[PDB]
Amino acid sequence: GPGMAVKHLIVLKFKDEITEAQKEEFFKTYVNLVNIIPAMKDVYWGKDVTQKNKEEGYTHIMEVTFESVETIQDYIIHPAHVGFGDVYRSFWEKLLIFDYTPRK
């Protein structure tokens, strides 16, 4: 329906070499993409506190909220894009990205 959210779920394990300062700057830059990418409306992230899957090693979760029925290609080609961009794609040891519309 109109105004339904399209969400991207970014699931991350950082490489051991990545510093706490670097991680902080990474998330700061990602949240600021809301002001740069028109269709991007919100970014929220956090650190897993449970560690229920330590063998899979993922530690961080980032939720990106986009407007539906709008192009997001400017995000895809953005230098800061976590998977595709030159700036940060070397930061992660492991990375999953999902694309879903939340419903109930």
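Sequential numbering from 1, following the sequence displayed.
Engineer: Got a sec? Mean C-alpha B-factor, which is higher, 70-78 or 47-55?
Structural biologist: Of 70-78 and 47-55, the stretch with the higher C-alpha B-factor average is 47-55.
Engineer: Split the chain's modelled residues into thirds by Cα B-factor; is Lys104 in the lowest, middle or highest one?
Structural biologist: Its C-alpha B-factor, which the entry lists for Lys104, ranks in the highest third among residues of this chain.
Engineer: If you rank the chain by CA B-factor, which third does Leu12 end up in: lowest, middle or highest?
Structural biologist: Its C-alpha B-factor belongs to the middle third of this chain's values.
Engineer: Taking the entry's C-alpha B-factors for this chain, is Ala39 in the lowest, middle or highest third?
Structural biologist: Within its chain, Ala39 is a highest-third residue by C-alpha B-factor, going by the deposited values.
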